[PDB]
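Protein chains in written order, with the deposited numbering: chain A, 4 to 535; chain A', 4 to 535. A prime marks a further copy of an entry chain. A virtual CB, placed ideally from N, CA and C, is assigned to each residue, including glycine. Remarks on the structure that follows.
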Ligand SMILES: *[C@@H]1O[C@H](CO)[C@@H](O)[C@H](O)[C@H]1NC(C)=O
Ligand SMILES: *[C@@H]1O[C@H](CO)[C@@H](O)[C@H](O)[C@H]1NC(C)=O
Ligand SMILES: *[C@@H]1O[C@H](CO)[C@@H](O)[C@H](O)[C@H]1NC(C)=O
Ligand SMILES: *[C@@H]1O[C@H](CO)[C@@H](O)[C@H](O)[C@H]1NC(C)=O
Ligand SMILES: [Cl-]
Ligand SMILES: [Cl-]
Ligand SMILES: [Cl-]
Ligand SMILES: [Cl-]
Ligand SMILES: [Cl-]
Ligand SMILES: [Cl-]
Ligand SMILES: [Cl-]
Ligand SMILES: [Cl-]
Ligand SMILES: [Cl-]
Ligand SMILES: [Cl-]
Ligand SMILES: [Cl-]
Ligand SMILES: [Cl-]
Ligand SMILES: [Cl-]
Ligand SMILES: [Cl-]
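Structure representation (structure tokens):
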């Protein structure tokens, strides 16, 4: 039967799902690891033990335990990102959308959700892979991984809570795809991993980690890079936060053994309730439990690996959105509100700068302030607001990604860069937030093709073009079709550094994405902070 | 007789000079101090001993001993600034142009020549005061003062070479004007001192020095301020340079007495021949012997005086030119040449930055480089050239003047600011140099009114408007005529900070002159250099 597939782990029975007046096969909630529960909390994942009989893969799995956004109850803009399934530590499953009839050996794309490593679900409506699988005829997989303390609590030296286990969850899912996707009609030698935000940083981390490189062919990074300031911490800082978490839960801190034992006795929500109390600074765009530079998953520092070419050399497609920082300013910076234009005073601008670059000394803060202040009109509330927005986006996403692309391209086999600046016509968030962190995803997954979602004809066209760019890149390593009549997305080279905008207007090629600000963030500021 | 005037120092006989189809009286070469020769070299000036008989004031006096520019022999652009009279240490004289018939009690303007404190003459054709005196009907005086080691060698603690004697020369001339100008028809209570470059810095220094304040009514500063980085040195640095000068002349350095004795035995040219060898850094826009912050002429640091309002409170009119730095880049920066467009490579740009900000550490140099580099087009030779030009002008003239104007205006009684950006139609210097340091002077002195000089009709008009602004300001403290129909030059205020451009186009009012760069030079960079 088309819905019955026999894998090395056992048989699975999918379900026939409708999609754009047609149908495709969906295998939802396939386990790829043993439930990381009980004494398995914080520990590396273990392969799922093969099962007898048929596994019912007709419904989505549970979502991993995580902090839930309740800042705007009843508001779809925020709630569309929250878990839409019941949360459980038993959450290591993957979903597969397969074209009908079942392909023989077709391109595979594996989605890695974002969420700052503290949240995320593979089951969100915005991640429904049926449109992309159907339209581009690819086998689309979405995996899952532990987030928060459950996936990243790090007490280096310990084998019970070594850190990075969420990344190992991702790897195990990729391993399962490598070992079994052939049975679903997918080609294991042509797998493209793609993800947004923390998912994009993760994709980059697998490109770097020797233990992950052999599990995929090429990669796509959306609004995230392995070197982002929020994407990793040192083993020392990771240890400090784990201890502080224990301190928040009245744990015995005499030893790792005692600490871990205590943390394992706590209910999931107990850890989540104090998770944000372990941050070292009053900040925004900084998350508690994230990957740790351990000397194992990451042999050496990310920068030395990038400089020495110690990473998988293949083709990559990546990019950023126009206003990556607006979301986090709304949630944690003074002067910003969801229902106002959020014009910011010079006072709130300064406060915002300090929250955005928490690790900087006063000289560093002065440098940032001067770099983003128009002294001919310093009390302009709109300029102050947009300036802070740019600071947050440049520092946390754009400039780190630009540093990554330039370093990677020196050793890589092909780079394609984009700048997504289309503000959706049906966005529920205020206009001041612009092109928000994560809002290119709906276009990548083809939501604009669904009439009921209220997108414009132009937006359906943009989505189809994006899905085709992504799928063609996954299939060939080039988003452009051979001998096509359409505008060509040029290769990003060390010399010309070209990129294209992604919007409803005719294609435009540019060079040196935000180079002026990124020289500040990537070269000058770090030098200043190190000298002072 | 109209040409005979009896002063407190004795009688003087002037000469009738032609000017624009008319005539005026000129009293040239009037001594105001005893010749600072022999054992009087380096020492404070002494009042000129009254003389019997009639002093012949029909011809210009000698020019003070100074370095002579021989970089472009036969070229008027450079030679017009060199001494046009024989050089001698016996050079403390002043010149007076008086309207005919002799006024009774009219506005007086006293010119203080510039030249980086290492050069300058009151006798240059460009300083001929007959046009201004005639046209605006003011008594115009041009004084002189010792420059170079002769006027600024400083061995603090010694009374034989205390430093600042060139400034004391200026003061003595102002004292003479205060005591005698009434006999020439000038009003001693309505004297305006004005000067360019080092002359502008000097005007500001007299505003600051308690010993000079009572000698004038108001002031005009052109392309120079007391706080310019090249305008003064500490007593320690002044002492170091005096000793180094002696070292260059094989002097006994065992004591100030021995050093001074040796220096006094040397011929003038011997000192001049090694004057430039005492600079501490490889630099441009830095001169060897300049005013010293002695605790006498200047009670405390210039900045503390400015902050505390420890200065003469009156009205001031001041401004700068568009390209103040081009001249010094031509003479000392790599890549610049008089007969080429001087497009500069990134390499020469970096070298130029280091020469322009000699006191900065590498971090500081990086800060300047980033502030003036367009990273979207960093190899643009024209942008690099103009960028360096701006760095030199901003750092050495504009930003220091802007810091002065903002500090002064808080306590002053009226500030008028200008930005001179007119490139003369008959300029002999290359186009790349733009509106050069010192080239607004010819307009202030009315040279464009002389048909034979080849200026345009528009330039004659601009000159007349400038001369009238200057003279009206000197007369009333406001460059605008009461109940006039012409555009009004607004008062510069702490809040609106308005200024006007000075060119052949209709008046335009602007605000916050080069505020973005000046915040960098006046606030950020100093903080960076002090923290590192
Ligand atoms: C799970 O599999 C069973 C078959 O045993 C099927 O009837 C059911 O619809 C599947 N999912 C649900 C709705 O529980
Ligand atoms: C990618 O590698 C192949 C050889 O494996 C080479 O022919 C090709 O030029 C490379 N492409 C780029 C853009 O580096
Ligand atoms: C100096 O004064 C004398 C009068 O004794 C006069 O003849 C002469 O022209 C003046 N200047 C010159 C030309 O030496
Ligand atoms: C200057 O001072 C006088 C009082 O002496 C005052 O009336 C006038 O307002 C002041 N002008 C400015 C611009 O400060
Ligand atoms: Cl549908
Ligand atoms: Cl411990
Ligand atoms: Cl805190
Ligand atoms: Cl916050
Ligand atoms: Cl970069
Ligand atoms: Cl929306
Ligand atoms: Cl809205
Ligand atoms: Cl004439
Ligand atoms: Cl000595
Ligand atoms: Cl040197
Ligand atoms: Cl030089
Ligand atoms: Cl300023
Ligand atoms: Cl000229
Ligand atoms: Cl020319």
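Beta-carbon proximity list for residue i, same chain, < 7 Å, skipping 5 on both sides
i	result
residue 508/A	none
residue 289/A	233, 282 and 361
residue 346/A'	384, 385 and 388
is_contact[residue i, chain A] using C-beta, thresh 8 Å
i	result
residue 2/A'	Outside the displayed range of chain A' (4 to 535) lies residue 2/A', so it cannot be described from this structure.
residue 473/A'	no
residue 523/A'	yes
Within chain A', the residues that residue i reaches when beta carbons sit closer than 8 Å
i	result
residue 534/A	366 and 535
residue 323/A	Ordered by position in chain A', no residue passes the 8 Å Cβ test against residue 323/A, which lies about 18 Å from the chain.
residue 530/A	366 and 369
Chain A' within 8 Å of residue i, Cβ atoms only
i	result
residue 582/A	It is not possible to answer for residue 582/A, since the shown part of chain A is limited to 4 through 535.
residue 236/A	no
residue 518/A	yes
residue 379/A	yes
residue 420/A	no
Beta-carbon contacts of residue i that lie in its chain and below 8 Å, excluding the five residues immediately before and after
i	result
residue 261/A	254 and 255
residue 74/A'	81 and 334
residue 134/A	22, 23, 448, 449, 450, 452, 453 and 470
residue 409/A	497 and 500
Chain A' residues whose Cβ lies nearer than 7 Å to that of residue i
i	result
residue 45/A	Neighbours of residue 45/A on chain A': none; closest Cβ ~43 Å, over 7 Å.
Contact list for residue i against chain A, beta-carbon separation under 8 Å
i	result
residue 527/A'	369, 370 and 373
residue 515/A'	378 and 379
Neighbourhood of residue i by C-beta, 6 Å cutoff - its chain only, sequence neighbours within 5 removed
i	result
residue 540/A	Lying before the first or after the last residue shown, residue 540/A is absent from chain A, which here runs from 4 to 535.
residue 183/A	10 and 11
residue 515/A'	500
residue 30/A	15, 17, 60 and 99
residue 398/A	524
Note to self: Does the structure place the region 438-457 of chain A close enough to the region 237-248 of chain A that three or more beta carbon pairs sit under 8 Å?
What the structure shows: no
Next item on the list: Mind listing, in chain order, the continuous beta strand (DSSP E) runs of no fewer than 3 residues lying wholly within the region 107-151 of chain A'?
Entry: 109-115 and 142-145
Notebook entry, point to check: If we count Cβ pairs, one from each stretch, closer than 8 Å, do we get three or more for the region 14-25 of chain A' versus the region 506-523 of chain A?
Noted result: no
Next item on the list: Would you list, in sequence order, the uninterrupted beta strand (DSSP E) runs of no fewer than 3 residues that lie entirely inside the region 294-357 of chain A'?
Entry: 318-324
Note to self: Threshold first: 4 residues or longer. Then list the alpha helix (DSSP H) segments lying entirely within the region 172-217 of chain A', N to C.
What the structure shows: 201-211 and 213-216
Notebook entry, point to check: Going along the chain, which unbroken runs of the alpha helix (DSSP H) with 4 or more residues stay wholly within the region 355-400 of chain A?
Noted result: 365-374 and 384-396
Notebook entry, point to check: Is the region 109-124 of chain A' in contact with the region 193-204 of chain A', if contact means three or more CB pairs nearer than 8 Å?
Noted result: yes
Check: Using 8 Å as the threshold, is the region 355-367 of chain A' in touch with the region 430-438 of chain A', meaning 3 or more CB pairs across them?
Finding: no
Next item on the list: Run through the region 43-115 of chain A for me and flag every whole beta strand (DSSP E) of 3 or more residues, listed as ranges in chain order.
Entry: 57-59, 96-101 and 109-115
Margin query: Between the region 132-149 of chain A and the region 95-106 of chain A, can you find at least three pairs of beta-carbon atoms closer than 8 Å?
Written below: yes
Item checked: the region 60-71 of chain A contacting the region 87-98 of chain A, beta-carbon criterion three pairs below 8 Å -> yes
Check: For the 8 Å Cβ check, are there 3 or more pairs between the region 286-295 of chain A' and the region 225-235 of chain A'?
Finding: yes
Check: So does the region 413-427 of chain A actually touch the region 307-325 of chain A, counting three or more Cβ pairs closer than 8 Å?
Finding: yes
Margin query: Check whether the region 264-274 of chain A' and the region 320-334 of chain A' are in contact - that is, three or more C-beta pairs closer than 8 Å.
Written below: no
Notebook entry, point to check: Is the region 117-125 of chain A' touching the region 484-495 of chain A' in the sense that three or more CB pairs, one from each, lie closer than 8 Å?
Noted result: no
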